[PDB]
Amino acid sequence: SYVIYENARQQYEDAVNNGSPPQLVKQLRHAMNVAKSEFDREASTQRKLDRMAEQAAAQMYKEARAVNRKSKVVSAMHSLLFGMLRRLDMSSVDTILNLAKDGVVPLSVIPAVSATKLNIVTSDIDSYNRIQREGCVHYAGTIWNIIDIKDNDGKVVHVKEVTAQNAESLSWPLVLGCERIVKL
Amino acid sequence: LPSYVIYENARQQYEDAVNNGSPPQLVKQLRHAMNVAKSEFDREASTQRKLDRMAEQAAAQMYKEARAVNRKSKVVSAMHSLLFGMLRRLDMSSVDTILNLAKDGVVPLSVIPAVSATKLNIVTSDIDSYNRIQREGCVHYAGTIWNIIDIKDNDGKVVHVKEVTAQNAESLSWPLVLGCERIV
Amino acid sequence: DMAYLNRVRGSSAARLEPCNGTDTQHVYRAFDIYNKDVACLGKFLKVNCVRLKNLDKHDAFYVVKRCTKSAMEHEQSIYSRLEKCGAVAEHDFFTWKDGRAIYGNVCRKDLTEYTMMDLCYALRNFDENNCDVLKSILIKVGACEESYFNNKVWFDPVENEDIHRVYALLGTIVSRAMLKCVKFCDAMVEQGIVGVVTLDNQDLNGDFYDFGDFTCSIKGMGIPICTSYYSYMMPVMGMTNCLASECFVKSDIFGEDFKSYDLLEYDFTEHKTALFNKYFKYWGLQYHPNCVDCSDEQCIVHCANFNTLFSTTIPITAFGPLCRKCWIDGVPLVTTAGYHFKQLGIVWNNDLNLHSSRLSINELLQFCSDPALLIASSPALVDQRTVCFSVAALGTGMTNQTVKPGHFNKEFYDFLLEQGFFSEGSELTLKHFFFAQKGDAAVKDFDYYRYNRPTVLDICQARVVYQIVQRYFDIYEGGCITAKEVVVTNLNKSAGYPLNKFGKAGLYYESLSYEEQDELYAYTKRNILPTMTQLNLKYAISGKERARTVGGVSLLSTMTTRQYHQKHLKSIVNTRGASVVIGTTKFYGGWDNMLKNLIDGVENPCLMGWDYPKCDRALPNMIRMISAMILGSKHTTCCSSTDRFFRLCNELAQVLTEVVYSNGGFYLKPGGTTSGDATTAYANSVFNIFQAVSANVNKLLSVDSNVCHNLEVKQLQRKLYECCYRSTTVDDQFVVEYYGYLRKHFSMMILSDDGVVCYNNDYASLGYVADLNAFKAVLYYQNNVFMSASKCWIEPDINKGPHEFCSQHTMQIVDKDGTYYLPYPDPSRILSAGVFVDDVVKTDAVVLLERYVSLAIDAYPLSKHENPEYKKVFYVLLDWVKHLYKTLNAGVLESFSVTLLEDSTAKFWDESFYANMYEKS
Amino acid sequence: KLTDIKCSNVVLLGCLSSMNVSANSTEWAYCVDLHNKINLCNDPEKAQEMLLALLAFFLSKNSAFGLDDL
RNA sequence: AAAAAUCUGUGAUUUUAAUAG
RNA sequence: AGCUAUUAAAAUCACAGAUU
Ligand SMILES: [Zn+2]
Ligand SMILES: [Zn+2]
């Protein structure tokens, strides 16, 4: 549709260069003015749809992104934490996670007014020697004091004649109970 | 109303003279008619948008008015259920008794539940205060005798009466909520 | 020497140790003196008395005053007539010889070291340095041992709760003094002596002395005057809880010997009247136990002050709504029938109907929100976690609420590190975080109403301050407006309890037609409608660990309250160039105009600010009521006298004292304020100016008028004292003269509880105007909270602007031929606002571009700052916004193949757009 | 170091809160005590100690699974 | 289940005003 | 002879920041 106006525009604007009668030029220019007015209406109507199209696409892109993130928050957040703990230079975090990756892991931790209480599962003698040093437990970068020790349905290890006699003879795992020496 | 037809008829006559070379004395009259017909058509057409936009204005108002009626009728019928739900709970036999003792038949609002109600909830902070409130398993409040029926700790779990002794008190999750009832 | 010391010892005693020998001892003591040349309440040095210590007694000083023989004989005539009563210390009269002259002597036996005025003055002019007088009096009286003062913070009420226990031991001293004042005044009337009695005549023991200015008259028909005696002591007798001995109920609610029917009594009108005639017999003015019988606004303040003093003897369970039996649809009920206020007394409804049926929405709406029916039909409660009284609990049981942490914005944080922020150089670091809270965050924060206490104003001085503070608000207009003409900005907000269970505020504002809103409003002008607030925890970024609660007032309170205040409040925000700033913008050069207007006209200027510790909790009841009286004083033609009273009660019953619902239990609030009120930001402002003016009046009276030379100030002091303690009506001519004196030397800029002051420095040093040492005094006995000097600031030069106002520092820069101020925030606030977000979807910035725009607009002023690190704060936000826009455009192109044009949105990462918002005019 | 610690513990309560430690107050009063104090701490040495106390508690809830941080 | 106010930013709809054909 | 385009202002709706 717009091509029609341009063809008339090119011819009639060039007609000024020839000896066309002025009265015809006035009519010729009047037609050209009408054509230009129609073109402007085409531009306004067409572009008003074009800008609406841009807004719809951008709006739905944002909506698609938002609904996508909320569907996987819990699993993603765990990766976010363990990716952050790497950035820290401290070696304490490596020691704890290295132990957890191994066979030694903590059981329920009990807050208390007097002192926090730990429970640790030691599957083998090597695991027991990992954390026990000088008769105390070295976990979470602090000295934990042992109170009692628990067997597999028993407490016979309590006498602490355990370093060699118990490893060969009795069953495992071996569980410890400790309290924090220093209160936070 | 018939302006569009009149304009079309004028347009047909205008071209039916120009295309064959009719004398200008007639073409000029037709061109004036086209301006009259087209301009008359445009002015009448201006009413169409006004009528159309008033129609949508009426539609929006009618729907808005209709929706407001449904919302109003919904809430009031909901408040009747709430108001008459509370009327079923009043122990007016007990409340009316104290209103007779009041000299002028008026009592403070902050005293009716403590004097006329049949159930009492006590929240205790420390065993030092628990043993101060409880005597032989009964509680006296506002000069009236109440006995303990149920106990619930902070987490919402049930706690036995025999389980609140001193040694086990440290393990419990205070504060401790007691449910009492009157004896008449 | 020795011969004179012989007779002073008396004819029946011995063991006197001379403190200074035969010569008089110089000492500083407080006085309340009105005279042809001086009118002061300060302290003066005296020379005419010799003081001797008695060794046998705990505290007994023989003080002998020597004067001209005629004066000595004058006192003897007065003493001989009064001595037979039980309130005069033992006097002995004699004369002694000198080498060339004869002079008289008056000897008093067993007078304590400090008069009553010293105790009152030492508590109403207090600062933790040079406090030896108050410390001394506590030890000698026996309130606390010397080891107590070893604690470095013994004096702080909000950090040493035991202090209120120590002062109560002084209650016996204050109460004992008054019962001896009435006994003395009786002796005056019978014996026929005309004079003015004041505090400085009385010992701590209660005996009177030094009555040399009294004059004789015919027996009977004597005239004692005690306006200044009681008025000056009023804050002390409320701070020290001197009426504890008069408690009506002396049994514990938890005791097994208690009785049930005792809880029912509510009418204590006779009890209060008996006390008034027992202690304040010669107070003179009338006293109406129920404030509904009063005549003026000044009388309602006058009587309500006494009621607050006498409320300490009434049980805590007697207050609250008074309910009555009622019938609905033929079934019984309990419905409100009045109210019992701590201040205003008992008020009865004028409209209650006992039979109703076919309820309309108006009857149905106010029945549902009225606590009477819900509280009565639920079990009782005893909550030991809070001191506040509380009896109710939902049938579903109680619960608890926790507060979760914030969400970490990883992408933005990595951006800051790449740009070089948060380097270990320690230039800038995070300071604002999202803090978590335990399960009992709400109730343990409602427990902080412990700090609210029953303060008593010295009414003789709160009359003038009420006049001056009102002059600040005479510019604005006010009145009632029809429901057709109100404006509400947010219809999508909670309607309170229990209406929030059905829908938000929008539903009720369209269900109620205009005629039904005006019917309800007109009903409130003749009745009292109690309502419940709900405690909800604010979830926002903060720099302090403590949780903060805000109450949501029921809809029927705000729906009616603002229709009564809207016209006045909207006038405060439209008026520009006044003390209250609530309506001024900080953009478009608004900040410069505010400061340049404040500083103009003050000679030799200085700049200060101050802080109220725990304003929401410690705000006294009396000064919150006055804030409601001043804002309603504009209703002169639209409401009669009784219509304004019942609109005042509706504010007290729905805001000040309330039934608070939190976590499934209903508690009875003791007082203070709640942020959810319709007049929060404006009721605080009136209170703020009340303290600022009350600090000026308190100190101006205390400057020694015998050394003042600024005749305008000297005359003002004398007129001020005369207008307070020796006049029945305030002449408004003086108030306009005094109010026109503050505006020249003590200009103010107030906005809610935050404000700044520019004050003449020369006058303040001498004491003609307020000072930080004066704000400590006014808060201690008007708010009983200690204002630590580290929480307030002073700026001796104006070129730097205020140190901190509205949490934004100020800087001055020179540009072209003009110089102007600019506000900039704390840099850590802008950075921390982006790293930590309160919603998970906000972790992805591309979804919300416009959050960092409108956050860089606040950060632009930093671009002018000197420190290069502060400069980066603004420019990093421009790069961040540039990164987001270019990411979204490319993202949409790839995903949907339509390219967004960047020309339209290219103005958001160029500083020219932001600079236009801080350009004048 | 310090600003990494103050942000590595905001995500920990996010993991613990998701795991529903809020049910029982005793274990939620233990974590919120560390979360509040670690944010206000200025000494990096002490802030590290609290983080390890909070991290040790988190592992006890059986949330290790697969680890890349050997 | 998340309050009373003030100020500012972005977008959409309607009307009005000015300039141009 | 009244109809089309670009700016400015007001109102309504939605979302987002800062302050007491
Ligand atoms: Zn009165
Ligand atoms: Zn009015």
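As stated in the entry header, the method of structure determination is cryo-EM and the reported resolution is 3.4 Å.

As recorded in the PDB entry, chain D goes by the name nsp7, listed as coming from Porcine epidemic diarrhea virus. According to its PDB record, this entry is titled "Porcine epidemic diarrhea virus complete core polymerase complex".

By the naming in the PDB entry, chain A is nsp8, taken from Porcine epidemic diarrhea virus.

The secondary structure content of chain A amounts to 6 helices and 6 strands. Counting from the amino terminus, helix and strand elements in chain A follow one another as α-α-α-α-β-β-α-β-β-β-α-β. Taken over the C-alpha trace, chain A has a radius of gyration of 42 Å; the compact-globule value for 184 residues is 16 Å, which it surpasses by more than 25%. Taken along its principal axes, the extent of the C-alpha atoms in chain A is 125 × 30 × 30 Å. Relative to its full complement of 184 residues, chain A shows a buried share of 29%. When contacts within chain A are restricted to residue pairs at least 6 apart in sequence, those whose partners lie at least 24 apart make up 58%. Surface accessibility of chain A: about 12,300 Å² in total, with carbon and sulfur atoms responsible for 52%. Computing the positive centroid from 24 side-chain charges and the negative centroid from 21, chain A places the two 9 Å apart.

Okay, the coordination of the zinc ion (ligand 1) next. All names here are of chain C. Coordination sphere of the zinc ion (ligand 1), protein contribution only: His-288 (ND1), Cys-294 (SG), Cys-299 (SG) and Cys-303 (SG), at 2.1 to 2.3 Å. The coordination sphere of the zinc ion (ligand 1) comprises 4 donor atoms, whose angles at the metal cover 103 to 113°; the geometry is tetrahedral. Counting along the primary sequence, the residues that act as donors to the zinc ion (ligand 1) give the motif H-x5-C-x4-C-x3-C. Across the pair, exposure class does not vary: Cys-294 and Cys-303 are buried alike.

Another point: helix α4 (residues 132–141) of chain C. All names here are of chain C. Along α4, the residues classified as buried are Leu-134, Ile-137, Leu-138 and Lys-140. Of the surrounding elements, those touching the buried residues of α4 are α3 (116–124) and α5 (163–168). Phi for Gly-142, located one or two positions after α4, is positive at around 100°.

Residues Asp-104 of chain B together with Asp-262, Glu-265 and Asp-267 of chain C make up a contiguous surface patch of negative charge. Positionally, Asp-104 of chain B belongs in the loop between α3 (92–101) and β1 (107–108).

When cut into domains, chain A gives domain 1 (2–70) and domain 2 (91–180). If you average the C-alpha positions of domain 1 of chain A and of domain 2 of chain A, the two centres end up 82 Å apart.

Let us now look at the coordination of the zinc ion (ligand 2). Within the protein, the atoms that donate to the zinc ion (ligand 2) are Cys-480 of chain C (SG), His-635 of chain C (ND1), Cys-638 of chain C (SG) and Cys-639 of chain C (SG), at distances of 2.1 to 2.3 Å. Bound by 4 donor atoms, the zinc ion (ligand 2) shows angles of 93 to 130° at the metal and therefore tetrahedral coordination geometry.

Around RNA strand F sit 21 residues in total, of which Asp-753, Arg-829, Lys-842, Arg-851 and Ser-854 of chain C are the nearest. At the protein interface, 100% of the atoms of RNA strand F within 4 Å belong to sugar or phosphate. Note that a sugar or linking oxygen of RNA strand F is positioned 3.4 Å from one of the side-chain N or O atoms of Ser-752 of chain C. Measuring from a sugar or linking oxygen of RNA strand F, one finds a side-chain N or O atom of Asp-753 of chain C at 2.6 Å. Contributions of two or more residues to the surface near RNA strand F are made by α2 (22–69) of chain A, α2 (24–87) of chain B together with α28 (827–835) of chain C. The element contributing the most residues to the surface near RNA strand F is α2 of chain A, with 3 residues. Here the residues of the surface near RNA strand F are counted per class, giving 5 nonpolar, 5 polar and 11 charged.

Rules used throughout
- Residues numbered from 1 in each chain as written, not as in the entry; some residues may be left out.
- Chains lettered and ligands numbered in written order.
- Heavy atoms only, no water.
- Helix = DSSP H or I, 4+ residues; strand = E, 2+ residues; numbered from the N terminus.
- Rg over C-alpha atoms; globule rule 2.2 N^0.38 Å.
- Buried < 20%, exposed > 50% of the residue type's maximum accessible area, 1.4 Å probe, protein only.
- Contact = heavy atoms within 4.5 Å.
- Areas by Shrake-Rupley, 256 points an atom, 1.4 Å probe, with all protein chains shown as cover.
- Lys, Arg positive; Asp, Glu negative; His and termini not counted.
- Charge placed at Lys NZ, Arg CZ, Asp CG, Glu CD.
- Donors = N, O, S within 2.8 Å, 3.2 Å for Na, K, Ca; no water.
- Tetrahedral: all angles 85-135°; square planar, octahedral: opposite > 155°, others 65-115°.
- Patch = residues over 30% accessible without salt bridge, like charges linked within 9 Å, V, L, I, M, F, W, Y side chains within 5 Å.
- Salt bridge = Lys/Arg side-chain N within 4 Å of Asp/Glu carboxyl O.
- Domains from an automatic or database assignment.
- Near = heavy atom within 4 Å.
- Polar contact = N/O pair within 3.5 Å; in protein donor to acceptor, adjacent residues only side chain to side chain.
- Nonpolar A, V, L, I, M, F, W, Y, C, P; charged D, E, K, R; others polar.

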